[PDB]
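Below is one structure; the comments refer to it alone.
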Amino acid sequence: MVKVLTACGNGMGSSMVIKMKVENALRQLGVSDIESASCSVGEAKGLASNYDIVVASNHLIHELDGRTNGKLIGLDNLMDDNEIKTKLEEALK
C-alpha cells in the first residue's frame, strides 16, 4: 500500500531506527499497510519516484525536489518522534 523511503547518510542501525520511527508515526495516523525502505540521499534521486512518501534531512531535501511526485518530508532532526509526527501530519492531514 503506502511506500515510504527514508533517504539519509546515516549508518545502518540509525537508518533502521529512522524508518521504524517514521512507520510508527504513520500508524498513529491510521495508515495500516506500509512498505519502508532506506538508502542514501544520492541513491534516492534515482529511486524516489517509486515511493509515496520520501523522508530526508531538511538541509538536503532540495537535492530531491523534482525527483518524485510523492510527499517530500524534511526533518531538522531525523530521530525526533515529535517532529516526525508533526511533519507527517502537516503533509498528509
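Labels used: A, B, ... for chains in the order of the C-alpha cells, numbers from 1 for residues in each chain, and numbers from 1 for ligands as shown.
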
List as a ChimeraX atom specification the protein and nucleic acid residues near residue 39 in chain A, meaning an atom at most 12 Å away when only C-alpha atoms are counted, but skip any in the same chain fewer than 5 places from it.
/A:4-12,14-16,18-19,44-48,54-56

Determine, counting only C-alpha atoms, which protein, DNA and RNA residues have an atom within 8 Å of an atom of residue 2 in chain A; residues of the same chain fewer than 5 positions away are not included. Present the result as a PDB file with N, CA and C atoms, in the first residue's frame.
ATOM      1  N   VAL A  31      -2.628   4.775   9.145  1.00  0.00           N
ATOM      2  CA  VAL A  31      -2.098   4.134   7.939  1.00  0.00           C
ATOM      3  C   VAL A  31      -1.606   2.736   8.294  1.00  0.00           C
ATOM      4  N   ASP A  33      -0.973  -0.239   6.209  1.00  0.00           N
ATOM      5  CA  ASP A  33      -0.219  -1.128   5.328  1.00  0.00           C
ATOM      6  C   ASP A  33       0.976  -0.343   4.713  1.00  0.00           C
ATOM      7  N   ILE A  34       2.165  -0.595   5.249  1.00  0.00           N
ATOM      8  CA  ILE A  34       3.310   0.275   4.972  1.00  0.00           C
ATOM      9  C   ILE A  34       4.492  -0.598   4.539  1.00  0.00           C
ATOM     10  N   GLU A  35       5.182  -0.175   3.481  1.00  0.00           N
ATOM     11  CA  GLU A  35       6.435  -0.771   2.995  1.00  0.00           C
ATOM     12  C   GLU A  35       7.485   0.327   3.157  1.00  0.00           C
ATOM     13  N   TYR A  51       8.119   5.878  -4.686  1.00  0.00           N
ATOM     14  CA  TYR A  51       7.614   5.959  -3.321  1.00  0.00           C
ATOM     15  C   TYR A  51       6.539   7.018  -3.150  1.00  0.00           C
ATOM     16  N   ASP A  52       5.594   6.725  -2.270  1.00  0.00           N
ATOM     17  CA  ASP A  52       4.507   7.654  -1.925  1.00  0.00           C
ATOM     18  C   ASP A  52       4.985   8.803  -1.054  1.00  0.00           C
ATOM     19  N   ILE A  53       5.901   8.469  -0.138  1.00  0.00           N
ATOM     20  CA  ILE A  53       6.461   9.412   0.833  1.00  0.00           C
ATOM     21  C   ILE A  53       7.965   9.254   0.846  1.00  0.00           C
TER      22      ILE A  53
END

Between CA of residue 80 in chain A and CA of residue 42 in chain A, distance in Å (one decimal)
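Between CA of residue 80 in chain A and CA of residue 42 in chain A the gap works out to 22.8 Å.
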
Let me make sure I understand: among A:13, A:40, A:25, A:1, which one has the smallest atom-to-atom distance to residue 86 in chain A if we use only C-alpha atoms?
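Of all the options, A:25 lies closest to residue 86 in chain A.
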
Interatomic distance, CA of residue 20 in chain A to CA of residue 85 in chain A (Å, one decimal):
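It comes out at 12.4 Å.
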
Extract, using only C-alpha atoms, all DNA, RNA and protein residues at most 12 Å from residue 59 in chain A, discarding same-chain residues fewer than 2 positions from it, and format them as a PyMOL selection string.
chain A and resi 8+41+55-57+61-64+73-78

With DSSP run on the backbone, what are the helix (DSSP H, G or I) residues within chain A? I'd like them as a tab-separated table (two decimals) with C-alpha atoms, in the first residue's frame.
chain	number	residue	atom	x	y	z
A	12	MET	CA	22.84	1.03	9.14
A	13	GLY	CA	21.46	0.94	12.73
A	14	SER	CA	20.47	4.60	12.70
A	15	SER	CA	18.79	4.19	9.24
A	16	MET	CA	16.65	1.30	10.60
A	17	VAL	CA	15.69	3.38	13.64
A	18	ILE	CA	14.54	6.35	11.47
A	19	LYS	CA	12.44	4.00	9.20
A	20	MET	CA	10.85	2.46	12.29
A	21	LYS	CA	10.05	5.88	13.85
A	22	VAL	CA	8.50	7.08	10.51
A	23	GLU	CA	6.47	3.87	10.30
A	24	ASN	CA	5.20	4.29	13.94
A	25	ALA	CA	4.06	7.88	13.20
A	26	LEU	CA	2.25	6.65	10.06
A	27	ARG	CA	0.45	4.01	12.11
A	28	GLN	CA	-0.61	6.67	14.67
A	41	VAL	CA	20.25	10.89	-0.45
A	42	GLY	CA	22.24	10.36	-3.68
A	43	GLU	CA	20.68	6.90	-4.18
A	44	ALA	CA	17.19	8.33	-3.52
A	45	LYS	CA	17.49	10.62	-6.57
A	46	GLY	CA	17.02	7.57	-8.82
A	47	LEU	CA	14.56	5.69	-6.55
A	48	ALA	CA	12.30	8.39	-5.02
A	49	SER	CA	9.81	8.24	-7.90
A	50	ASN	CA	8.81	4.73	-6.73
A	61	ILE	CA	15.61	17.80	0.62
A	62	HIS	CA	16.44	20.35	-2.08
A	63	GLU	CA	18.60	17.50	-3.57
A	81	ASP	CA	9.48	11.39	17.07
A	82	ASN	CA	7.62	14.62	17.74
A	83	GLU	CA	8.91	16.47	14.67
A	84	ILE	CA	8.39	13.24	12.67
A	85	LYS	CA	4.68	13.12	13.75
A	86	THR	CA	4.23	16.86	13.21
A	87	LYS	CA	5.75	16.89	9.69
A	88	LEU	CA	3.79	13.80	8.59
A	89	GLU	CA	0.55	15.30	9.93
A	90	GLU	CA	1.30	18.54	8.09
A	91	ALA	CA	1.95	16.67	4.80
A	92	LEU	CA	-0.90	14.17	4.91
